[PDB]
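Colleague: File upload-v2.txt follows (compact mmCIF, N, CA and C atoms):
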```txt
# COMPACT_ATOMS: atom_id res chain seq x y z
N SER A 22 212.94 52.61 160.88
CA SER A 22 214.03 53.13 161.80
C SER A 22 215.25 53.71 161.05
N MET A 23 215.80 54.79 161.62
CA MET A 23 216.99 55.46 161.10
C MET A 23 218.25 54.57 161.23
N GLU A 24 218.25 53.67 162.22
CA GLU A 24 219.35 52.71 162.48
C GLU A 24 219.56 51.68 161.35
N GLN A 25 218.46 51.13 160.85
CA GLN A 25 218.50 50.16 159.74
C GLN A 25 218.94 50.76 158.40
N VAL A 26 218.53 52.01 158.15
CA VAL A 26 218.99 52.79 156.98
C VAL A 26 220.53 53.00 157.00
N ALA A 27 221.07 53.29 158.18
CA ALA A 27 222.51 53.53 158.36
C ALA A 27 223.37 52.29 158.09
N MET A 28 222.86 51.11 158.46
CA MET A 28 223.42 49.80 158.04
C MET A 28 223.28 49.55 156.54
N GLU A 29 222.15 50.00 155.98
CA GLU A 29 221.87 49.98 154.53
C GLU A 29 222.74 50.95 153.75
N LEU A 30 223.02 52.10 154.33
CA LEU A 30 224.03 53.01 153.79
C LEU A 30 225.44 52.37 153.75
N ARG A 31 225.76 51.61 154.82
CA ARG A 31 227.04 50.87 154.98
C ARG A 31 227.21 49.67 154.03
N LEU A 32 226.18 48.83 153.92
CA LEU A 32 226.17 47.71 152.96
C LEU A 32 226.26 48.20 151.52
N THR A 33 225.50 49.25 151.20
CA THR A 33 225.52 49.90 149.89
C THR A 33 226.92 50.38 149.48
N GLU A 34 227.60 51.05 150.40
CA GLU A 34 228.93 51.58 150.12
C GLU A 34 229.98 50.48 150.06
N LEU A 35 229.78 49.39 150.83
CA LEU A 35 230.64 48.19 150.75
C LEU A 35 230.57 47.57 149.35
N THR A 36 229.34 47.24 148.95
CA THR A 36 229.03 46.74 147.60
C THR A 36 229.68 47.58 146.48
N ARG A 37 229.68 48.91 146.63
CA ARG A 37 230.41 49.85 145.74
C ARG A 37 231.93 49.61 145.77
N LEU A 38 232.48 49.43 146.98
CA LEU A 38 233.92 49.13 147.19
C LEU A 38 234.31 47.78 146.59
N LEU A 39 233.51 46.75 146.87
CA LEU A 39 233.76 45.40 146.34
C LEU A 39 233.58 45.31 144.82
N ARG A 40 232.68 46.14 144.25
CA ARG A 40 232.53 46.26 142.78
C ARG A 40 233.80 46.74 142.08
N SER A 41 234.51 47.68 142.71
CA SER A 41 235.84 48.07 142.23
C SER A 41 236.80 46.90 142.32
N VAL A 42 236.82 46.25 143.49
CA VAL A 42 237.75 45.14 143.78
C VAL A 42 237.61 44.00 142.77
N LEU A 43 236.37 43.55 142.57
CA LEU A 43 236.03 42.51 141.58
C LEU A 43 236.54 42.87 140.18
N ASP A 44 236.30 44.12 139.79
CA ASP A 44 236.74 44.64 138.49
C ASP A 44 238.26 44.58 138.34
N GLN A 45 238.99 44.83 139.44
CA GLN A 45 240.46 44.72 139.47
C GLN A 45 240.95 43.26 139.34
N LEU A 46 240.27 42.35 140.03
CA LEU A 46 240.61 40.92 140.00
C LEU A 46 240.30 40.31 138.63
N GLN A 47 239.22 40.78 138.01
CA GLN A 47 238.83 40.29 136.69
C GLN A 47 239.75 40.80 135.60
N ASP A 48 240.36 41.97 135.81
CA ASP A 48 241.40 42.46 134.92
C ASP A 48 242.67 41.59 134.94
N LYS A 49 242.89 40.83 136.02
CA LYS A 49 244.00 39.85 136.11
C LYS A 49 243.69 38.47 135.52
N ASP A 50 242.56 38.32 134.82
CA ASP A 50 242.24 37.11 134.06
C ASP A 50 241.85 37.51 132.62
N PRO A 51 242.81 38.05 131.84
CA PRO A 51 242.54 38.55 130.48
C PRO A 51 242.15 37.47 129.44
N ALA A 52 242.37 36.20 129.78
CA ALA A 52 241.87 35.10 128.96
C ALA A 52 240.37 34.85 129.15
N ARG A 53 239.78 35.40 130.21
CA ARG A 53 238.40 35.10 130.60
C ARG A 53 238.21 33.59 130.73
N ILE A 54 239.09 33.01 131.54
CA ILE A 54 239.01 31.62 131.95
C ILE A 54 238.03 31.48 133.12
N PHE A 55 237.96 32.51 133.96
CA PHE A 55 237.14 32.47 135.18
C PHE A 55 235.91 33.39 135.09
N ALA A 56 235.51 33.71 133.85
CA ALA A 56 234.46 34.70 133.55
C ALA A 56 233.05 34.16 133.73
N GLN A 57 232.83 32.91 133.33
CA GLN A 57 231.51 32.28 133.41
C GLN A 57 231.65 30.98 134.19
N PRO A 58 230.53 30.37 134.62
CA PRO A 58 230.64 29.05 135.29
C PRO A 58 231.01 27.90 134.34
N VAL A 59 231.70 26.89 134.88
CA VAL A 59 232.09 25.70 134.11
C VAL A 59 230.85 24.92 133.68
N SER A 60 230.57 24.93 132.37
CA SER A 60 229.44 24.18 131.82
C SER A 60 229.50 22.69 132.19
N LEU A 61 228.31 22.18 132.51
CA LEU A 61 228.09 20.81 132.92
C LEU A 61 227.83 19.95 131.69
N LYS A 62 227.19 20.55 130.68
CA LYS A 62 227.06 19.92 129.37
C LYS A 62 228.42 19.66 128.72
N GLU A 63 229.40 20.53 128.98
CA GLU A 63 230.76 20.39 128.43
C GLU A 63 231.73 19.60 129.32
N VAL A 64 231.52 19.65 130.64
CA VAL A 64 232.24 18.80 131.61
C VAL A 64 231.20 18.08 132.51
N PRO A 65 230.65 16.95 132.02
CA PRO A 65 229.57 16.26 132.75
C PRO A 65 229.91 15.72 134.14
N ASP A 66 231.15 15.32 134.38
CA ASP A 66 231.53 14.81 135.70
C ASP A 66 231.94 15.90 136.69
N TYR A 67 232.00 17.17 136.25
CA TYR A 67 232.54 18.30 137.06
C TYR A 67 232.06 18.36 138.52
N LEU A 68 230.75 18.32 138.71
CA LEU A 68 230.16 18.30 140.06
C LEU A 68 230.53 17.06 140.93
N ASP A 69 230.98 15.96 140.30
CA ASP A 69 231.58 14.82 141.05
C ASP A 69 232.96 15.16 141.64
N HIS A 70 233.64 16.11 141.01
CA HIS A 70 234.98 16.56 141.42
C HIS A 70 234.93 17.80 142.31
N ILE A 71 234.12 18.78 141.91
CA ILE A 71 233.99 20.08 142.60
C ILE A 71 232.62 20.15 143.25
N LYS A 72 232.57 20.55 144.52
CA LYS A 72 231.31 20.62 145.28
C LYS A 72 230.65 22.02 145.32
N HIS A 73 231.47 23.07 145.27
CA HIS A 73 231.02 24.46 145.25
C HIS A 73 231.67 25.21 144.08
N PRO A 74 231.11 25.05 142.85
CA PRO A 74 231.63 25.78 141.69
C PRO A 74 231.49 27.27 141.88
N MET A 75 232.45 28.04 141.36
CA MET A 75 232.43 29.51 141.49
C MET A 75 233.13 30.24 140.34
N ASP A 76 232.57 31.39 139.96
CA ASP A 76 233.07 32.23 138.85
C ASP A 76 232.79 33.73 139.08
N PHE A 77 233.37 34.56 138.21
CA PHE A 77 233.20 36.02 138.30
C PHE A 77 231.78 36.55 137.97
N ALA A 78 231.10 35.94 136.98
CA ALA A 78 229.71 36.29 136.67
C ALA A 78 228.77 36.01 137.85
N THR A 79 229.00 34.87 138.52
CA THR A 79 228.20 34.43 139.68
C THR A 79 228.42 35.31 140.91
N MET A 80 229.69 35.65 141.14
CA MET A 80 230.08 36.62 142.18
C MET A 80 229.54 38.04 141.95
N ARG A 81 229.32 38.39 140.69
CA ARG A 81 228.74 39.68 140.27
C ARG A 81 227.22 39.80 140.51
N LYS A 82 226.48 38.73 140.21
CA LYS A 82 225.05 38.64 140.55
C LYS A 82 224.81 38.90 142.05
N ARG A 83 225.53 38.14 142.88
CA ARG A 83 225.47 38.25 144.35
C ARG A 83 225.87 39.63 144.88
N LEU A 84 226.76 40.30 144.15
CA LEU A 84 227.19 41.64 144.49
C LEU A 84 226.08 42.66 144.28
N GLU A 85 225.51 42.69 143.08
CA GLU A 85 224.42 43.64 142.74
C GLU A 85 223.14 43.35 143.51
N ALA A 86 223.02 42.12 144.02
CA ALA A 86 222.02 41.77 145.02
C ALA A 86 222.51 42.02 146.47
N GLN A 87 223.47 42.94 146.63
CA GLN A 87 224.07 43.30 147.93
C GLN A 87 224.17 42.12 148.90
N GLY A 88 224.66 41.00 148.36
CA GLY A 88 224.70 39.73 149.06
C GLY A 88 225.91 39.55 149.95
N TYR A 89 226.95 40.37 149.75
CA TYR A 89 228.19 40.27 150.52
C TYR A 89 228.17 41.19 151.76
N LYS A 90 227.97 40.59 152.93
CA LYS A 90 227.91 41.31 154.22
C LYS A 90 229.28 41.54 154.88
N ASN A 91 230.35 41.02 154.27
CA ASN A 91 231.73 41.38 154.64
C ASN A 91 232.73 41.01 153.54
N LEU A 92 233.98 41.46 153.70
CA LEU A 92 235.10 41.08 152.79
C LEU A 92 235.50 39.60 152.87
N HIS A 93 235.40 39.00 154.06
CA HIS A 93 235.67 37.57 154.23
C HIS A 93 234.81 36.66 153.32
N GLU A 94 233.49 36.86 153.35
CA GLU A 94 232.56 36.20 152.40
C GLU A 94 233.08 36.33 150.95
N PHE A 95 233.35 37.57 150.54
CA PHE A 95 233.85 37.89 149.18
C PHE A 95 235.16 37.13 148.86
N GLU A 96 236.08 37.11 149.82
CA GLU A 96 237.34 36.36 149.67
C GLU A 96 237.16 34.83 149.50
N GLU A 97 236.27 34.23 150.30
CA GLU A 97 235.99 32.79 150.23
C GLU A 97 235.55 32.32 148.84
N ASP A 98 234.69 33.11 148.19
CA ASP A 98 234.22 32.80 146.83
C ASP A 98 235.38 32.82 145.82
N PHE A 99 236.19 33.88 145.88
CA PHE A 99 237.33 34.07 144.97
C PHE A 99 238.35 32.94 145.12
N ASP A 100 238.59 32.56 146.36
CA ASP A 100 239.47 31.44 146.63
C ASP A 100 238.93 30.13 146.04
N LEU A 101 237.61 29.90 146.11
CA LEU A 101 237.01 28.73 145.46
C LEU A 101 237.32 28.73 143.97
N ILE A 102 237.21 29.88 143.31
CA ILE A 102 237.52 29.96 141.87
C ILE A 102 238.91 29.37 141.67
N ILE A 103 239.85 29.88 142.46
CA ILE A 103 241.26 29.50 142.35
C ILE A 103 241.47 28.03 142.72
N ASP A 104 240.95 27.65 143.87
CA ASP A 104 241.18 26.35 144.46
C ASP A 104 240.48 25.20 143.70
N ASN A 105 239.24 25.42 143.27
CA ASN A 105 238.52 24.44 142.43
C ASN A 105 239.25 24.15 141.13
N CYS A 106 239.83 25.19 140.53
CA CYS A 106 240.62 25.04 139.31
C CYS A 106 241.90 24.23 139.55
N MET A 107 242.63 24.60 140.60
CA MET A 107 243.88 23.93 140.96
C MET A 107 243.69 22.51 141.52
N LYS A 108 242.44 22.11 141.78
CA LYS A 108 242.11 20.70 142.03
C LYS A 108 241.74 19.98 140.74
N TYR A 109 240.90 20.59 139.91
CA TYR A 109 240.40 19.95 138.67
C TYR A 109 241.47 19.81 137.59
N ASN A 110 242.21 20.90 137.36
CA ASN A 110 243.19 20.98 136.28
C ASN A 110 244.61 20.77 136.77
N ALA A 111 245.34 19.84 136.13
CA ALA A 111 246.68 19.42 136.57
C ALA A 111 247.74 20.51 136.36
N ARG A 112 248.90 20.28 136.99
CA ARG A 112 249.97 21.27 137.10
C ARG A 112 250.41 21.88 135.75
N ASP A 113 250.49 21.04 134.71
CA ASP A 113 250.98 21.47 133.38
C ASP A 113 249.85 21.91 132.41
N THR A 114 248.76 22.46 132.95
CA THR A 114 247.70 23.02 132.13
C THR A 114 247.67 24.55 132.20
N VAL A 115 247.23 25.17 131.12
CA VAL A 115 246.96 26.61 131.08
C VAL A 115 245.94 27.03 132.16
N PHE A 116 245.01 26.13 132.51
CA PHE A 116 243.97 26.41 133.49
C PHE A 116 244.55 26.54 134.89
N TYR A 117 245.36 25.57 135.30
CA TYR A 117 246.03 25.56 136.61
C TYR A 117 246.86 26.83 136.77
N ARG A 118 247.75 27.06 135.80
CA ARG A 118 248.65 28.22 135.80
C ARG A 118 247.90 29.56 135.80
N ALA A 119 246.74 29.61 135.14
CA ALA A 119 245.88 30.81 135.12
C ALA A 119 245.34 31.21 136.51
N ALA A 120 245.00 30.21 137.32
CA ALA A 120 244.61 30.44 138.71
C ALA A 120 245.82 30.78 139.61
N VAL A 121 246.98 30.16 139.36
CA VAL A 121 248.20 30.46 140.14
C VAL A 121 248.59 31.93 139.97
N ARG A 122 248.57 32.40 138.72
CA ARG A 122 248.86 33.81 138.41
C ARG A 122 247.78 34.77 138.98
N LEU A 123 246.51 34.44 138.77
CA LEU A 123 245.40 35.21 139.35
C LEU A 123 245.54 35.36 140.87
N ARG A 124 245.80 34.24 141.55
CA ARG A 124 246.02 34.21 142.99
C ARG A 124 247.13 35.17 143.41
N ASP A 125 248.24 35.15 142.67
CA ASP A 125 249.40 35.98 143.00
C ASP A 125 249.14 37.47 142.75
N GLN A 126 248.48 37.77 141.64
CA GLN A 126 248.11 39.14 141.26
C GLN A 126 246.91 39.69 142.06
N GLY A 127 246.02 38.79 142.48
CA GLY A 127 244.89 39.12 143.33
C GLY A 127 245.24 39.47 144.77
N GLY A 128 246.31 38.87 145.30
CA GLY A 128 246.74 39.11 146.69
C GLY A 128 247.25 40.52 146.99
N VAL A 129 247.72 41.21 145.95
CA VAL A 129 248.08 42.64 146.01
C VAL A 129 246.84 43.50 146.22
N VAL A 130 245.83 43.21 145.42
CA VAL A 130 244.56 43.92 145.42
C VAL A 130 243.84 43.69 146.75
N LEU A 131 243.73 42.42 147.13
CA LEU A 131 243.04 41.99 148.36
C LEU A 131 243.76 42.34 149.67
N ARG A 132 245.04 42.69 149.58
CA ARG A 132 245.78 43.27 150.71
C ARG A 132 245.31 44.71 151.01
N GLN A 133 245.30 45.56 149.98
CA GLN A 133 244.92 46.97 150.15
C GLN A 133 243.40 47.16 150.37
N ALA A 134 242.61 46.20 149.89
CA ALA A 134 241.17 46.18 150.11
C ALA A 134 240.83 45.98 151.59
N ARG A 135 241.55 45.08 152.25
CA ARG A 135 241.41 44.86 153.70
C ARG A 135 241.69 46.15 154.51
N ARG A 136 242.70 46.91 154.10
CA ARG A 136 243.03 48.19 154.74
C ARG A 136 241.96 49.30 154.52
N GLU A 137 241.37 49.36 153.31
CA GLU A 137 240.25 50.28 153.00
C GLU A 137 238.94 49.94 153.72
N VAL A 138 238.67 48.64 153.88
CA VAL A 138 237.47 48.15 154.59
C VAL A 138 237.49 48.58 156.06
N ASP A 139 238.64 48.35 156.70
CA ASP A 139 238.84 48.69 158.11
C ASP A 139 238.83 50.21 158.31
N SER A 140 239.61 50.92 157.50
CA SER A 140 239.77 52.38 157.63
C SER A 140 238.43 53.13 157.50
N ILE A 141 237.72 52.86 156.40
CA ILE A 141 236.39 53.42 156.15
C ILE A 141 235.31 52.84 157.08
N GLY A 142 235.45 51.55 157.43
CA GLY A 142 234.52 50.87 158.34
C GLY A 142 233.55 49.99 157.57
```
What does the file become when written as structure tokens?
Modeller:
Amino acid sequence: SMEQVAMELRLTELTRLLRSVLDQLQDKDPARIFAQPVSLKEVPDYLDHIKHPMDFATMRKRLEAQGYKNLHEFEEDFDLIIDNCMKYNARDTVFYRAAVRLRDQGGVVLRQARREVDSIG
């Protein structure tokens, strides 16, 4: 059907839009603190503290697998990155502060992304 292709044209172009967005958010973490998942061999109790671990490499796999069916899904993952860190790592750590800054710098990007999603459809 021509109808299913048109939704596939739409998901494809979304994934292209979100690929730009992700690249912008990852530019706001120049330390690459949120680049890969938190190793379990290096932090063995981590999963006792955090229930849904999340990172930029993991969000990228799901993207190229056209796994994000809206911006809300995409936002929830990014917030986990931030929120899981700000639970695990205390106030006076480079890790905590790295998510606080990312969150603040990411909200500019994610504001204009919401306007492009709606406008384009």
Colleague: Find, counting all atoms listed in the file, the residue in A:29, A:137, A:34, A:50 that gets nearest to residue 123 of chain A.
Modeller: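 With all atoms listed in the file as the atom set, the closest residue is A:50.
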Colleague: One number please: atom CA of residue 79 of chain A to atom N of residue 58 of chain A, in Å, one decimal.
Modeller: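 Result for atom CA of residue 79 of chain A versus atom N of residue 58 of chain A: 6.9 Å, one decimal.
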Colleague: Hey, which of A:117, A:109, A:95, A:77 ends up closest to residue 36 of chain A? Count only C-alpha atoms.
Modeller: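 For residue 36 of chain A, the nearest of the candidates is A:95.
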Colleague: How far is it from atom C of residue 31 of chain A to atom C of residue 91 of chain A, in Å with one decimal?
Modeller: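 Atom C of residue 91 of chain A lies 10.3 Å from atom C of residue 31 of chain A.
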Colleague: Determine, counting all atoms listed in the file, which protein, DNA and RNA residues have an atom within 7 Å of an atom of segment 41-46 of chain A; residues of the same chain fewer than 5 positions away are not included. Present the result as an mmCIF file with N, CA and C atoms, keeping the file's coordinate frame.
Modeller:
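Full text of selection.cif as output:
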```cif
data_model
loop_
_atom_site.group_PDB
_atom_site.id
_atom_site.type_symbol
_atom_site.label_atom_id
_atom_site.label_comp_id
_atom_site.auth_asym_id
_atom_site.auth_seq_id
_atom_site.Cartn_x
_atom_site.Cartn_y
_atom_site.Cartn_z
ATOM 1 N N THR A 36 229.340 47.240 148.950
ATOM 2 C CA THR A 36 229.030 46.740 147.600
ATOM 3 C C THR A 36 229.680 47.580 146.480
ATOM 4 N N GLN A 126 248.480 37.770 141.640
ATOM 5 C CA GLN A 126 248.110 39.140 141.260
ATOM 6 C C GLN A 126 246.910 39.690 142.060
ATOM 7 N N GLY A 127 246.020 38.790 142.480
ATOM 8 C CA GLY A 127 244.890 39.120 143.330
ATOM 9 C C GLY A 127 245.240 39.470 144.770
ATOM 10 N N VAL A 130 245.830 43.210 145.420
ATOM 11 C CA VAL A 130 244.560 43.920 145.420
ATOM 12 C C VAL A 130 243.840 43.690 146.750
#
```
Colleague: Write out as JSON, numbers by chain the residues lying within 8 Å of residue 102 of chain A, counting all atoms listed in the file and excluding same-chain residues fewer than 3 positions away.
Modeller: {"A": [55, 73, 74, 75, 76, 77, 96, 97, 98, 99, 105, 106, 107, 120]}
Colleague: Counting only N, CA and C atoms, figure out which residue out of A:112, A:104, A:125, A:90 gets nearest to residue 32 of chain A.
Modeller: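 Looking at the shortest contact to residue 32 of chain A, the residue is A:90.
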Colleague: With all atoms listed in the file as the basis for distance, which of A:118, A:124, A:108, A:136 is at the shortest distance from residue 71 of chain A?
Modeller: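 Checking each of A:118, A:124, A:108, A:136 against residue 71 of chain A, counting all atoms listed in the file, the winner is A:108.
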